[PDB]
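Below: the structure, in structure tokens.
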Amino acid sequence: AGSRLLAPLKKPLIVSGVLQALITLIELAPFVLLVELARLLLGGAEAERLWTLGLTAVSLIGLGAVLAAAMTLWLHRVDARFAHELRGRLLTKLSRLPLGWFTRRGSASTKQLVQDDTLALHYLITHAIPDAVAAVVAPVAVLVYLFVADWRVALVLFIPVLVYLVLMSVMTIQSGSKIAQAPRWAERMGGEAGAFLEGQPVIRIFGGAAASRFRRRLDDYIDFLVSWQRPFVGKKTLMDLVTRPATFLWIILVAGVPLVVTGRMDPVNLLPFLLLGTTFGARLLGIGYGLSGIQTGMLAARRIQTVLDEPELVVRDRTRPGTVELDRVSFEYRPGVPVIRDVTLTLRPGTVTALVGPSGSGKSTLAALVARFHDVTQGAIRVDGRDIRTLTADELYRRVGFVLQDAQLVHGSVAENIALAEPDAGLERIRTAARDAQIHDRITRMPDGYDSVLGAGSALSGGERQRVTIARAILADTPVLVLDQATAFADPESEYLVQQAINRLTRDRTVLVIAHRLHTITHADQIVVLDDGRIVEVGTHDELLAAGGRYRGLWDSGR
Amino acid sequence: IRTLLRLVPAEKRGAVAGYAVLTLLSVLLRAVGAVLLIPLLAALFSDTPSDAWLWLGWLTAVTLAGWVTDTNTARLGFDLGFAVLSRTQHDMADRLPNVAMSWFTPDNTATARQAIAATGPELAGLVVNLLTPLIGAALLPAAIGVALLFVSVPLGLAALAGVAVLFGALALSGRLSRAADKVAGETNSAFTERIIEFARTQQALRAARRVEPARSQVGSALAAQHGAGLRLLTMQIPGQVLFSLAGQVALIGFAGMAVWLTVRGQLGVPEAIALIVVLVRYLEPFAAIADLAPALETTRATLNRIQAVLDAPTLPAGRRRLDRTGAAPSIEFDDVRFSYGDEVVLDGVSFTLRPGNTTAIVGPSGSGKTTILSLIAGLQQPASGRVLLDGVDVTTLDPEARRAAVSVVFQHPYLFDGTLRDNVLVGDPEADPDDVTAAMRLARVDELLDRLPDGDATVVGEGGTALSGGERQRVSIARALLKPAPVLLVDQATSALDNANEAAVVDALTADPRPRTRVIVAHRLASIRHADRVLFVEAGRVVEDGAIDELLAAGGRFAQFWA
Ligand SMILES: Nc1ncnc2c1ncn2[C@@H]1O[C@H](COP(=O)(O)OP(=O)(O)OP(=O)(O)O)[C@@H](O)[C@H]1O
Ligand SMILES: Nc1ncnc2c1ncn2[C@@H]1O[C@H](COP(=O)(O)OP(=O)(O)OP(=O)(O)O)[C@@H](O)[C@H]1O
Ligand SMILES: [Mg+2]
Ligand SMILES: [Mg+2]
Ligand SMILES: [Zn+2]
């Protein structure tokens, strides 16, 4: 599907082909004039004509160089703009795919798609058509001219041409499968490198470099690269030798010297072959080296278009405040593997709902379904009576705030992390949000204050980054708040303080709390026990204790 | 080019010398074959054209020799490129686990990612694709100019004067676009890091509505990358124009000297006609170097990143070892002081943990109790003071003896993308199935194997993202328990577990058959029931310590902590 992706570039590509045909003819023009200059030199022409021909040939060389440079510059600008707009399209597309796409693919695959696949289209849309047009125009024009000159010496020029064609075909056939396998290997190596960098504590404690799968995969990938590039480079170098101007000149002279000797040919008739017979080999080698780039670009275009055609979280056209309802919701991350089984639940304003249960029961995925990171398999999730599939991302996420179980921080200042949902928020808002989340004092102790960057190696403790994300959710200030195991890394005192701050802030809001520390959720208006992906009992703390069910078992285990 | 010779393996130096010799031979053969046309065409246009047979024979010999030399140069360049690739990548893989944690800034992380990402066919084909054609093109017109001295001294001098402007243009081409290429590389690296962040942090960015390009950081990075790339395209024009003008000046000098010698009668007309072809051969390297100029700067950036990773400061180490056969050692802190940058983390912390006992470390968030475990494990080294394992300073231990002593459960469990059993087997890849089953049962991973459809063959995502928090936490606990180390460091290993799993795992950690010196960190009182001793860490100093009953009865900070 590389024709559908590159359809916007039809007119530039056709224009580049036509202009390259003209530029190739202009670049061949000086050597015809040099052939005439040599013929006039042998005939002892007057200095005027010789100066005219020489100056015209030099000026035509300069003109051809300038035109080639201009076409290359224009075509590279066209390629850069196409890459930029295609990358923008890919970033727009990924912004509304299901999160399962990301979880299945990984960060390395996303990086490969957005950067390396778009970069792999460069040869196809910048050099391929010009190289093909040059490699067709120059050999054909030169060979017609030389056959008109002398067919006997022009026939031996087919020998290197036919050898080159056979080498090019064999190289393409031999390397076709390895080019297909190459992007998979690059994605695997990027993933292994990313895991090696991210899992450095695990690597250091458990086995170091020797036992790491990164080293084994690195060896396997170097083996693949050698098995790919050894015969490929061998064919590439043979093609360089066969098409080289020295080779053509030597073949021309081996054919012509025995003809000039013995009188079968006039030596003046060798001048076209000496001056033009060696010009078209490089243009042939251009496509010969380019056929791999064409395959790479077509495969990259296929991958890009396949991602652009992927089904996404479309906003339906169907089209109490603060209420979240789940109506017989079911969900499966993978087909035939249910994780949520016909869950019905209602969250109302001014109430706190505690969602508890065994680890792995499906609390985080229920929260992710409310976020519409995935679409429910059955049922519907309605916020203020409107199905979330009818809301836009902006409308949905202005209404529901989320503190996720993993405390993800972006590369930037602590202010930029706290103000992630509202980047144009005042520093006073950021400071009061941090004070509510019990992280203002720590930030004040940092060297740069609120401008200190949160990158790799400049991290915080687990509780501190958790409180940063809690401050982010506080600053977002949505009518509905979903707290996914927040305060899990918090000590009891800071946990109590941030919980009191949240209770003060979300007193009239809809709050969903996921907790394993059941002692922290005894004051909830409603407690929902999620076991094996379904709600098994609902009630208050005292009611669930008196019921003597799953909740009583978990409570007894906790004490 | 000395940076590349630095990266060559020591056993491959003979191949580099042979490659240099054969490259010089290839250039000399090409230059001689170009200039041999002048005698050949002078003889072919004379009254005795049969004199061209000798020069045609010499041309055939030089051409066949050039074919053989260039094939061998290609083979040697391929071998050198892949040997250098293997050596550099293996060196970076071996060095990175030993590099200090402070080195891994976001810039250094990006540099290391790029250096590892250079493993593809572009860097491996460095010698064949860049150095061989660059050296051939740079030296060819010099070799032609030298070979023309045997035809005419002033003509060879004119050719060499053309080579002078060739080298001047080649030197000046880099300067005219160094800044643009540097900015382009920086913005490309920033875009790569923002793409990786965009993929990893997708949920939080979507919830924050920071996911569209107009509002995302990756969108800003894309805009900056595009602007820098356009600027690089514009700023590469002066170098191309400079190479073109150098070629035109060399053409003017060569052709003018040839015409002057021809009209003066010192050069024959057939020799001038052959010199047209020699001039065409002479000017081809001018365009080749112009084509190769950007690749030289790209290769320079790549090798700079690789050398930056190879120059990273490796942690201090030694050669000591623990004598006993994996017996539980004592853990001692001796005036240990640690700081992240200028922020002090530990203030002269001193304690001794008896061999084989279970110790608990508790305290507020940010008090340094993860730093204590990292110092015990050797992930971090003290700024001053000593960490001793059985009386042996950890900094003086061999790296293999150091890691073989400690197994760790980290606060934020990280699993590698793969099967669940592969992640558990990281603790001990040689463990028999019974030991792996025991480790999984102790960590309550056996529940997952029946709940999940694929069992222990379940594909874990990047990190443990295809599992829940408690599931990946239990998998990491199984990994830590599988390792037969005499020291076990537990860092809030029940944070993501419900009460039943928490109690089961807490009992299992104490019920591990082998003797270990166990240090536990937890914010739950129920997670430290089996702790013989407790350390209360606050603001980087041990406020109090003792037994749980003693500390509870004391009514100190420990009692207020759980109040
Ligand atoms: N990479 C780092 N760079 C700078 N400071 C850091 C880094 N990692 C941790 N710190 C700081 O070290 C101090 C102690 O960190 P540590 O991780 O040991 O805390 P902790 O007691 O384990 O906390 P928690 O209970 O929240 O997990 C904190 O102030 C944290 O800000
Ligand atoms: N991306 C995913 N792909 C496949 N399965 C997944 C994915 N994320 C979660 N699961 C599975 O979904 C089930 C429930 O996961 P979830 O994270 O919702 O549980 P949880 O109740 O929040 O767990 P915990 O309390 O341990 O955090 C688990 O079996 C987990 O393996
Ligand atoms: Mg979860
Ligand atoms: Mg910690
Ligand atoms: Zn290009």
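Averaged over its residues, how many other protein chain Cβ atoms are within 10 Å of peptide B:291-303's Cβ atoms? Present the calculation step by step, with values, prior to reporting the outcome.
Numbers: counts 0, 0, 0, 0, 0, 0, 0, 0, 0, 0, 0, 0, 0.
Shielding by partners across B:291-303 averages 0.
Go through the stretch A:516-531 residue by residue and turn each phi into a ³J(HN,Hα) via Karplus (6.51, -1.76, 1.60, θ = phi - 60°); whole Hz please, and just put x for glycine and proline.
9, 6, 5, 5, 8, 10, 6, 8, 5, 4, 9, 10, 10, 9, 9, 10
Positive end of the charge dipole of the stretch B:331-561 (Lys, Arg +1 and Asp, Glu -1 on Cβ, about the Cα centre): tell me which of B:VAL537, B:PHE333, B:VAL460 has its Cα farthest that way.
Of the listed residues, the answer is B:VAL537.
Label B:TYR340 and A:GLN174 with points 7 Å out from Cα along Cα→Cβ: what is the distance between them in nm?
Label-label distance for B:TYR340 and A:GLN174, simple model: 5.5 nm.
Using each residue's phi in the stretch B:283-298, evaluate 6.51 cos²θ - 1.76 cosθ + 1.60 at θ = phi - 60° and report the 3J(HN,Hα) Karplus result to the nearest Hz, with x for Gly and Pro.
Working through the residues one at a time gives 8, 4, x, 5, 6, 4, 5, 5, 5, 7, 4, x, 4, 4, 5, 4 Hz.
Within the set of other residues whose C-beta is less than 11 Å from the C-beta of A:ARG204, count the net charge using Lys and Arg as +1 and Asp and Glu as -1.
+2
State to the nearest 20 debye the size of the charge dipole of chain A about its Cα centre, where the only charges are +1 on K and R beta carbons and -1 on D and E beta carbons.
I would put it at about 840 debye.
Sort A:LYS11, A:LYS363, B:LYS12 so the one with the fewest other Cβ atoms within 10 Å of its own Cβ comes first.
The order, fewest Cβ neighbours first, is A:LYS11, B:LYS12, A:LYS363.
Take the alpha-carbon centre of the stretch B:1-77, take the same for the stretch A:430-444, and report the distance between them in whole Å.
The distance from the Cα centre of the stretch B:1-77 to that of the stretch A:430-444 comes to 73 Å.
Tell me what chain A gives for mean residue ellipticity at 222 nm when only DSSP H runs of n ≥ 4 count, each as -39,500 (n - 2.57), the sum divided by the residue total, rounded to 500 deg cm²/dmol. Intermediate values should be presented prior to the final figure.
Working: 23 runs with 338 residues, N = 559.
Rounded to the nearest 500, it is -19500 deg cm²/dmol.
Return the inverse of the average 1/r over all pairs of distinct C-alpha atoms in the stretch B:252-300, which is the Kirkwood hydrodynamic radius, in Å to one decimal.
It is 12.5 Å.
In chain A, what % of DSSP beta bridges are antiparallel (nearest 5)?
55 percent
Put +1 on the Cβ of each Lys and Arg and -1 on the Cβ of each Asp and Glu in chain B; which of B:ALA317, B:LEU149, B:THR234 then has its Cα farthest toward the positive end of the dipole?
B:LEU149
If you take every DSSP beta bridge fully contained in the protein assembly as shown, what fraction is antiparallel? Give it as a percent rounded to 5.
55 percent
Between the stretch A:359-399 and the stretch B:280-295, how many Å separate their Cα centres?
60 Å
Can you sort B:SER527, B:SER152, B:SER220 by how many other beta carbons sit within 10 Å, fewest first?
B:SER220, B:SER152, B:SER527
Across the protein assembly as shown, what fraction of all alpha-carbon pairs, as a whole percent, falls in each successive 10 Å bin from zero upward?
2, 9, 16, 19, 16, 12, 9, 7, 5, 3, 1, 0, 0
For chain B, take the longest principal axis of its alpha carbons; what is the angle in degrees between that and the long axis of helix B:469-482, to the nearest 10 within 0 to 90?
Taking the Cα atoms of chain B, the angle to B:469-482 is about 90 degrees.
Let me know the Rg and Dmax you get for the stretch A:2-308 when you use only its Cα atoms, in Å.
Values for the stretch A:2-308 (Cα only, Rg and Dmax): 25.6, 87 Å.
For the stretch A:463-559, state which chymotrypsin sites (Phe, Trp or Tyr not before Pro) are in a DSSP loop and have at most 12 other beta carbons lying within 10 Å of their beta carbon.
When the chymotrypsin sites (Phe, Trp or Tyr not before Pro) of the stretch A:463-559 are filtered for loop state and at most 12 Cβ neighbours within 10 Å, nothing remains.
At what distance in angstrom do the alpha carbon centres of the stretch B:401-457 and the stretch A:188-243 lie from each other?
Taking the Cα centre of each part, the stretch B:401-457 and the stretch A:188-243 sit 27 Å apart.
Just check chain B against the gyration tensor rule for me: Cα atoms, a ≥ b ≥ c as the square roots of the eigenvalues, rounded for a/c under 1.5, and otherwise prolate or oblate depending on whether a/b exceeds b/c.
Verdict is prolate for chain B.
Considering only DSSP states other than H, G, I, E and B, which trypsin sites (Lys or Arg not before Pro) in the stretch A:92-124 qualify as loop sites with at most 11 other Cβ atoms within 10 Å?
Working: sites: A:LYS93, A:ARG96, A:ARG104, A:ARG105, A:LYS111; in loops: A:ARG96.
Loop-located and lightly packed - none at all.
What full-extension length gain, to one decimal in nm, is calculated for B:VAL459 and B:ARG320 as 0.36 nm per residue of separation minus the Cα-Cα distance?
46.1 nm
Per-residue Cβ counts within 10 Å, from other chains only, averaged over A:88-101: what number is that?
4
Could you please report the charge total around B:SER365, scoring K, R as +1 and D, E as -1 over all other residues with beta-carbon less than 11 angstrom from its beta-carbon?
Cβ neighbours under 11 Å give a net charge of -1.
Could you state the per residue volume, in Å³, of the convex hull enclosing the Cα atoms of the stretch A:324-558?
Spelled out: Cα convex hull of the stretch A:324-558, divided by residues, is 130 Å³.
What do you get for the angle between helix B:52-95 and the principal long axis of chain B? Use alpha-carbon atoms, 0 to 90 degrees, nearest ten.
10 degrees
For chain B, what is the percent of antiparallel DSSP beta bridges, rounded to the nearest 5?
55 percent
Run the dipole for the stretch B:364-403 about the Cα centre, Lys and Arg Cβ at +1, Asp and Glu Cβ at -1, nothing else charged, and hand back the magnitude in debye, nearest 20.
For the stretch B:364-403, the charge dipole is close to 180 debye.
Go through the stretch A:204-278 and name the trypsin sites (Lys or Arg not before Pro) that are in a DSSP coil and have 16 or fewer other Cβ atoms within 10 Å of their Cβ.
Answer by residue number: A:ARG264.
What are the principal axis extents of the Cα atoms in chain A, in Å, biggest first?
Principal extents (largest minus smallest coordinate, Cα): 119, 52, 46 Å.
Take A:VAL242, B:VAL153 and order them by how many other Cβ atoms sit within 10 Å, fewest up front.
Lowest to highest Cβ neighbour count: B:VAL153, A:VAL242.
Taking every pair of distinct Cα atoms and averaging 1/r, then inverting, what Kirkwood hydrodynamic radius in Å comes out for the stretch A:208-363?
Result for the stretch A:208-363, one decimal place: 24.7 Å.
Is the stretch A:323-366 rounded, prolate or oblate when judged by the Cα gyration tensor, a ≥ b ≥ c being the square roots of its eigenvalues, rounded requiring a/c under 1.5 and prolate requiring a/b larger than b/c?
Working: a/c = 3.21, a/b = 1.65, b/c = 1.95.
Verdict is oblate for the stretch A:323-366.
Please determine, in degrees from 0 to 90 and to the nearest 10, the orientation of helix B:132-148 with respect to the longest principal axis defined by the Cα atoms of chain B, where the helix direction is its Cα long axis.
20 degrees
Using the alpha carbon gyration tensor of the stretch B:323-384, what are the three equivalent-ellipsoid semi-axes (square root of 5 times each eigenvalue), largest first, in whole Å?
The answer is 23, 14, 10 Å, longest axis first.
In a shell of Cβ-Cβ distance under 15 Å around B:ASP545, excluding B:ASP545 itself, what net charge do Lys and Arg (+1) and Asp and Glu (-1) give? List each step's numbers first, then the result.
Working: positive: B:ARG354, B:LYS369, B:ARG533, B:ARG541, B:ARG557; negative: B:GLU332, B:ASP532, B:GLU538, B:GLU544, B:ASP549, B:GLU550.
Summing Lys and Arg as +1 and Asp and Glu as -1 gives -1.
With ideal geometry, Cβ positions are generated from the backbone for all residues, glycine too; neighbour counts draw on all protein chains shown. Read-outs throughout are calculated quantities, based only on the coordinates presented, and are distinct from any laboratory measurement.
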